[PDB]
Amino acid sequence: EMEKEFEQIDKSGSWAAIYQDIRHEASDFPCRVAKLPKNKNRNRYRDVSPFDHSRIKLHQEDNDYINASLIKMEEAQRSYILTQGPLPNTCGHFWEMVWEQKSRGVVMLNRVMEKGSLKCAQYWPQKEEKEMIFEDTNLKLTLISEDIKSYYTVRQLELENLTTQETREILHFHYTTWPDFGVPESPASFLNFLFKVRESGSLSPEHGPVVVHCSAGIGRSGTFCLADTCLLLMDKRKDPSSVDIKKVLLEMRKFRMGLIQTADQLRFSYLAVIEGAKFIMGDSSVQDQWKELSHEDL
């Protein structure tokens, strides 16, 4: 049971060992497509690649490769697409994927610039009147509205397939205070954001999988998806004790390497699930407490 395991691990100071155990047990599958010479400039990081078996394929015959993985959680009945922060040459690919996979939401957990370096291309428009056209994939993207909070912003975007002139509304959930290789400022602040995404419908089964990314698409992105899946499993059976966080994480790592990049992100994942369990197990008021503690206004 996770709350007792947490205290035992905290007490023995063994988060690094638990986390290394996860790394050692984690799946290893081939990433041959990601490593083809022609895809070199489609990967942001040499040591973060999608597995062939779970990679998202673009529906184009030129080159279907994007650094993106489908994390299909069968028992939880939720899917996520985890991807790297788009590169200056893959922003068209990114929105092609969103279009083809029928996603409603994009969850961005990084800033464009972190630690003085560029982690992500500016892949969405920042001004309503300056829309973006991705000529290679023939898509148009317009900023419709934004709702800026103290540590996250929600944007309403309109994505248009210029070939057919079909349009879709995409919601962009941008977490702006979560450091690279770091953790959110509090469980309450993480959970407030996650439940904002949930409320939007972006994680729901009538849409394609939510697209989640940070810079590499494994650390913060893994923490977000791990917490979400654990809370959903707990919700399905109202049985917190039946949820084994580490096993869930190992399951997720069958679909993309390296999910959860530090032992402190693992520890934070436990904290977030433990605190989220209060809401799942019937204390609806805790959602308002998180919003208060998160100080989202201003």
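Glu74 falls short on exactly one of the conditions (1) charged (D, E, K, R); (2) closer than 21 Å to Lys254 by Cα; (3) within 14 Å of the chain's Cα centre (by Cα), and that condition is (3). Taken residue by residue, segment 18-41 has no member that is closer than 21 Å to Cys225 by Cβ, within 17 Å of the chain's Cα centre (by Cα), surrounded by fewer than 18 Cβ atoms within 10 Å (Cβ to Cβ) and among the charged types (D, E, K, R).
Applying the criterion of being surrounded by 14 or more Cβ atoms within 10 Å (Cβ to Cβ) and out of contact with any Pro (no Cβ under 8 Å at 6 or more places or on another chain) to the residues of segment 119-132, the residue that is farthest from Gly182 (Cα to Cα) is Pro125. Just need a number here: residues in segment 77-98 that are closer than 25 Å to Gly201 by Cβ and either over 18 Å from the mean Cα position of the chain (by Cα) or among the charged types (D, E, K, R) (or both). Total satisfying the criteria: 2.
The residue pairs whose first member lies in segment 50-66 and is under 10 Å from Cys31 (Cβ atoms) and free of Cβ contacts under 8 Å to residues at least 40 places away in the same chain, whose second member is surrounded by 14 or more Cβ atoms within 10 Å (Cβ to Cβ) and β-branched (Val, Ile, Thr), and whose beta carbons are closer than 9 Å, counting only pairs six or more residues apart or on different chains, are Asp52/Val33; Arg55/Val33; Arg55/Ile66.
Remark: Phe173 matches the filter, which requires a residue to be of a type in the set (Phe, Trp, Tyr), in a strand (DSSP E or B) and either in contact with a helix residue (DSSP H, G or I) (Cβ under 8 Å, 6 or more places away or on another chain) or surrounded by 15 or more Cβ atoms within 10 Å (Cβ to Cβ) (or both). When residues in segment 2-16 are screened for being surrounded by 12 or more Cβ atoms within 10 Å (Cβ to Cβ) and within 22 Å of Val243 (Cβ to Cβ), 8 of them pass. Note on segment 160-183: among residues that are more than 20 Å from the chain's Cα centre (by Cα) and in contact (Cβ under 8 Å) with a residue 40 or more places away in the chain, the one that is farthest from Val210 (Cα to Cα) is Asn161.
Consider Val98 carefully, then state whether it is in contact with a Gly (Cβ under 9 Å, 6 or more places away or on another chain), of a type in the set (A, V, I, L, M), farther than 11 Å from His213 by Cα and in contact (Cβ under 8 Å) with a residue 40 or more places away in the chain. Taking the combined requirement at face value, the residue satisfies it.
Residue-by-condition table, conditions (1) under 16 Å from the mean Cα position of the chain (by Cα); (2) charged (D, E, K, R):
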| residue | (1), (2) |
| --- | --- |
| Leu233 | no, no |
| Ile245 | no, no |
| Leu259 | yes, no |
| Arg267 | no, yes |
| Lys278 | no, yes |
| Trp290 | no, no |
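Remark: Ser69 falls outside the filter, which requires a residue to be closer than 25 Å to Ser269 by Cβ, out of contact with any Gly (no Cβ under 8 Å at 6 or more places or on another chain) and either hydroxyl-bearing (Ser, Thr, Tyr) or crowded, with 19+ Cβ neighbours inside 10 Å (or both). The set of residues in segment 249-278 that are in contact (Cβ under 8 Å) with a residue 60 or more places away in the chain, hydrophobic (A, V, I, L, M, F, W, C) and part of a helix (DSSP H, G or I) comprises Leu249, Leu250, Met252, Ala263, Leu266, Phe268, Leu271, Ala272, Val273, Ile274. Of the residues that make up segment 135-158, is at least one among the small types (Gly, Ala, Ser), surrounded by 16 or more Cβ atoms within 10 Å (Cβ to Cβ) and under 28 Å from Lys278 (Cβ atoms)? No.
Do we have any residue at all in segment 220-234 that's touching a residue at least 40 places away in the same chain (Cβ under 8 Å) and farther than 26 Å from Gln84 by Cβ? Yes: one or more hits. For segment 60-112, taking the residues that are outside any loop (DSSP other than H, G, I, E, B) and in contact with a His (Cβ under 6 Å, 6 or more places away or on another chain), the one that is nearest to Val33 (Cα to Cα) is identified as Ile66.
Using ideal geometry, Cβ is built from the backbone for each residue, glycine included, and neighbour counts are taken over all protein chains shown. FYI, it's all coordinate maths here, none of it is from the lab.
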